[PDB]
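J.: Below are the structure tokens for one structure; questions will follow.
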Amino acid sequence: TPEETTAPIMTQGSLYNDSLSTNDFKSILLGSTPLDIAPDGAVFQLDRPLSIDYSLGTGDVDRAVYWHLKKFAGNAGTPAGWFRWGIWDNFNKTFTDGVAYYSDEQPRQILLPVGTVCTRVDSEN
């Protein structure tokens, strides 16, 4: 039963919108070994909030901010695992998924700059 301490994970791999999945994240893509070897079910928080703006077909404009990343694995349909962003409710100890980021008129911009620090959360913050 291996034990590890909580330590910050820095990401040196930039992430571009063209390489950004609709709602998934890939640790291999960012070259983050620690995230890949991180325990399944691990909850990570990004110190850099991601704002996702989208337009509803009704004509309403909705804006949302996300900073929670969770790795799901151990699923029959999931061969290994995948990361998906959402909102982590520390007070309710519940997690909520998030919408996909889509830029139609917005320009391409680096969404994950080098120097971003992620923290491993394995309990209540």
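Here's how to read the names in the structure tokens: chain A, B, ... by the order shown, residue numbers from 1 in each chain, ligand numbers from 1 in the order shown.
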Produce a table with one row for each residue of range 6-77 of chain A that has an atom at most 9 Å from any atom of range 92-106 of chain A, each row naming the nearest atom pair and its distance in Å at one decimal; use only C-alpha atoms; arrange rows by chain and rising residue number; format as JSON lines.
T.:
{"residue": "A:17", "atom": "CA", "partner": "A:103", "partner_atom": "CA", "distance": 8.6}
{"residue": "A:20", "atom": "CA", "partner": "A:101", "partner_atom": "CA", "distance": 8.6}
{"residue": "A:21", "atom": "CA", "partner": "A:100", "partner_atom": "CA", "distance": 8.3}
{"residue": "A:22", "atom": "CA", "partner": "A:100", "partner_atom": "CA", "distance": 4.9}
{"residue": "A:23", "atom": "CA", "partner": "A:100", "partner_atom": "CA", "distance": 4.7}
{"residue": "A:24", "atom": "CA", "partner": "A:100", "partner_atom": "CA", "distance": 8.5}
{"residue": "A:51", "atom": "CA", "partner": "A:101", "partner_atom": "CA", "distance": 8.6}
{"residue": "A:52", "atom": "CA", "partner": "A:101", "partner_atom": "CA", "distance": 5.6}
{"residue": "A:53", "atom": "CA", "partner": "A:101", "partner_atom": "CA", "distance": 7.3}
{"residue": "A:54", "atom": "CA", "partner": "A:102", "partner_atom": "CA", "distance": 7.1}
{"residue": "A:64", "atom": "CA", "partner": "A:99", "partner_atom": "CA", "distance": 8.4}
{"residue": "A:65", "atom": "CA", "partner": "A:98", "partner_atom": "CA", "distance": 8.9}
{"residue": "A:66", "atom": "CA", "partner": "A:98", "partner_atom": "CA", "distance": 7.3}
{"residue": "A:68", "atom": "CA", "partner": "A:95", "partner_atom": "CA", "distance": 8.6}
{"residue": "A:70", "atom": "CA", "partner": "A:95", "partner_atom": "CA", "distance": 8.8}
J.: Could you pull out the residues in range 4-76 of chain A that DSSP calls strand (DSSP E) from the backbone, as an NGL selection string?
T.: :A and (8-11 or 24-25 or 43-55 or 61-73)
J.: Restricting the output to N, CA, C and O atoms, write the selected residues as a tab-separated table (two decimals), in the first residue's frame.
T.:
chain	number	residue	atom	x	y	z
A	8	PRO	N	2.59	19.94	-4.83
A	8	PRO	CA	2.12	20.65	-6.00
A	8	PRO	C	2.66	20.09	-7.28
A	8	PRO	O	3.77	19.57	-7.32
A	9	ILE	N	1.86	20.18	-8.37
A	9	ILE	CA	2.29	19.67	-9.64
A	9	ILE	C	2.34	20.83	-10.58
A	9	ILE	O	1.35	21.53	-10.77
A	10	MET	N	3.51	21.06	-11.20
A	10	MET	CA	3.65	22.15	-12.12
A	10	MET	C	3.50	21.58	-13.50
A	10	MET	O	3.89	20.45	-13.76
A	11	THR	N	2.92	22.38	-14.43
A	11	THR	CA	2.73	21.90	-15.77
A	11	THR	C	3.62	22.73	-16.65
A	11	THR	O	3.53	23.95	-16.69
A	24	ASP	N	-12.59	17.12	-22.20
A	24	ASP	CA	-11.65	16.22	-21.57
A	24	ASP	C	-10.29	16.85	-21.52
A	24	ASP	O	-10.02	17.87	-22.15
A	25	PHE	N	-9.40	16.23	-20.71
A	25	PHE	CA	-8.04	16.68	-20.57
A	25	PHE	C	-7.20	15.44	-20.65
A	25	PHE	O	-7.68	14.34	-20.33
A	43	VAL	N	-8.71	14.32	-7.23
A	43	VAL	CA	-9.32	15.57	-7.58
A	43	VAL	C	-8.22	16.59	-7.65
A	43	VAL	O	-7.40	16.69	-6.75
A	44	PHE	N	-8.18	17.38	-8.75
A	44	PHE	CA	-7.15	18.38	-8.89
A	44	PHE	C	-7.82	19.69	-9.13
A	44	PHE	O	-8.89	19.77	-9.74
A	45	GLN	N	-7.20	20.77	-8.62
A	45	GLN	CA	-7.75	22.09	-8.80
A	45	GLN	C	-6.73	22.89	-9.55
A	45	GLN	O	-5.52	22.76	-9.32
A	46	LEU	N	-7.20	23.74	-10.48
A	46	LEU	CA	-6.30	24.55	-11.27
A	46	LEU	C	-6.24	25.89	-10.62
A	46	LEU	O	-7.26	26.49	-10.31
A	47	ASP	N	-5.02	26.44	-10.45
A	47	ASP	CA	-4.89	27.74	-9.82
A	47	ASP	C	-5.19	28.80	-10.84
A	47	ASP	O	-5.09	30.00	-10.56
A	48	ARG	N	-5.57	28.37	-12.06
A	48	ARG	CA	-5.89	29.31	-13.11
A	48	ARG	C	-7.28	28.98	-13.58
A	48	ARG	O	-7.49	27.98	-14.27
A	49	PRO	N	-8.25	29.78	-13.18
A	49	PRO	CA	-9.64	29.57	-13.57
A	49	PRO	C	-9.84	29.57	-15.06
A	49	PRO	O	-9.22	30.34	-15.79
A	50	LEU	N	-10.75	28.70	-15.54
A	50	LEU	CA	-11.04	28.62	-16.95
A	50	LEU	C	-12.43	29.14	-17.13
A	50	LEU	O	-13.38	28.62	-16.54
A	51	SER	N	-12.58	30.20	-17.95
A	51	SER	CA	-13.88	30.77	-18.18
A	51	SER	C	-14.39	30.22	-19.47
A	51	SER	O	-13.70	30.27	-20.49
A	52	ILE	N	-15.63	29.68	-19.46
A	52	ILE	CA	-16.20	29.13	-20.65
A	52	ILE	C	-17.44	29.92	-20.95
A	52	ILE	O	-18.34	30.02	-20.11
A	53	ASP	N	-17.50	30.50	-22.16
A	53	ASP	CA	-18.65	31.28	-22.54
A	53	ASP	C	-19.32	30.53	-23.66
A	53	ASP	O	-18.65	30.00	-24.54
A	54	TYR	N	-20.66	30.46	-23.64
A	54	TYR	CA	-21.36	29.76	-24.68
A	54	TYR	C	-22.68	30.43	-24.87
A	54	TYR	O	-23.16	31.14	-23.99
A	55	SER	N	-23.30	30.21	-26.05
A	55	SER	CA	-24.57	30.83	-26.34
A	55	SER	C	-25.59	29.74	-26.39
A	55	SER	O	-25.39	28.69	-27.00
A	61	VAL	N	-27.22	34.18	-23.18
A	61	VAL	CA	-25.79	34.04	-23.10
A	61	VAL	C	-25.49	33.59	-21.71
A	61	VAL	O	-25.90	34.22	-20.74
A	62	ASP	N	-24.75	32.47	-21.58
A	62	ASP	CA	-24.42	31.97	-20.27
A	62	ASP	C	-22.93	31.95	-20.15
A	62	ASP	O	-22.21	31.63	-21.10
A	63	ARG	N	-22.43	32.30	-18.95
A	63	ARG	CA	-21.01	32.31	-18.71
A	63	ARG	C	-20.78	31.46	-17.51
A	63	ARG	O	-21.61	31.42	-16.59
A	64	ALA	N	-19.65	30.73	-17.47
A	64	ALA	CA	-19.37	29.88	-16.34
A	64	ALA	C	-17.89	29.83	-16.16
A	64	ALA	O	-17.12	30.03	-17.10
A	65	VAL	N	-17.46	29.54	-14.91
A	65	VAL	CA	-16.05	29.46	-14.61
A	65	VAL	C	-15.82	28.11	-14.00
A	65	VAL	O	-16.64	27.62	-13.23
A	66	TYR	N	-14.69	27.47	-14.35
A	66	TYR	CA	-14.40	26.16	-13.83
A	66	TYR	C	-12.96	26.15	-13.39
A	66	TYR	O	-12.12	26.86	-13.94
A	67	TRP	N	-12.65	25.33	-12.36
A	67	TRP	CA	-11.29	25.24	-11.88
A	67	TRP	C	-11.10	23.89	-11.26
A	67	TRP	O	-10.12	23.66	-10.54
A	68	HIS	N	-12.01	22.93	-11.54
A	68	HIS	CA	-11.90	21.61	-10.96
A	68	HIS	C	-11.68	20.62	-12.07
A	68	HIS	O	-12.34	20.67	-13.10
A	69	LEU	N	-10.72	19.70	-11.84
A	69	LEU	CA	-10.41	18.68	-12.81
A	69	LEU	C	-10.44	17.37	-12.07
A	69	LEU	O	-9.82	17.24	-11.01
A	70	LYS	N	-11.15	16.36	-12.62
A	70	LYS	CA	-11.23	15.08	-11.95
A	70	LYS	C	-10.92	14.01	-12.95
A	70	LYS	O	-11.31	14.09	-14.12
A	71	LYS	N	-10.17	12.98	-12.51
A	71	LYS	CA	-9.81	11.89	-13.40
A	71	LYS	C	-10.74	10.74	-13.12
A	71	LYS	O	-10.87	10.30	-11.98
A	72	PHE	N	-11.39	10.24	-14.18
A	72	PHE	CA	-12.30	9.12	-14.04
A	72	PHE	C	-11.62	7.94	-14.67
A	72	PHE	O	-11.04	8.05	-15.75
A	73	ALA	N	-11.70	6.77	-14.01
A	73	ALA	CA	-11.07	5.59	-14.54
A	73	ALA	C	-11.68	4.42	-13.84
A	73	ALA	O	-12.40	4.57	-12.85
J.: As a PyMOL selection string, please: all residues of chain A that backbone DSSP puts in helix (DSSP H, G or I).
T.: chain A and resi 17-19+27-30+33-36
J.: Which of these, A:86, A:16, A:7, A:2, has the shortest distance to residue 108 in chain A once you count only C-alpha atoms?
T.: A:16
J.: Please determine, counting only C-alpha atoms, which residue among A:116, A:90, A:6, A:109 has the shortest atom-to-atom distance to residue 39 in chain A.
T.: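 Of the candidates, the smallest distance to residue 39 in chain A is held by A:6.
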J.: Nearest residue to residue 119 in chain A out of A:5, A:57, A:74, A:29, using only C-alpha atoms?
T.: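 For residue 119 in chain A, the nearest of the given residues is A:5.
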J.: Separation of CA of residue 111 in chain A and CA of residue 85 in chain A, in Å?
T.: 13.4 Å
J.: If you measure from CA of residue 112 in chain A to CA of residue 14 in chain A, what distance in Å do you get, rounded to one decimal?
T.: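 According to the coordinates, CA of residue 112 in chain A and CA of residue 14 in chain A are separated by 5.4 Å.
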J.: State, in Å with one decimal place, the distance from CA of residue 110 in chain A to CA of residue 88 in chain A.
T.: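 Answer for the CA of residue 110 in chain A to CA of residue 88 in chain A separation: 23.5 Å.
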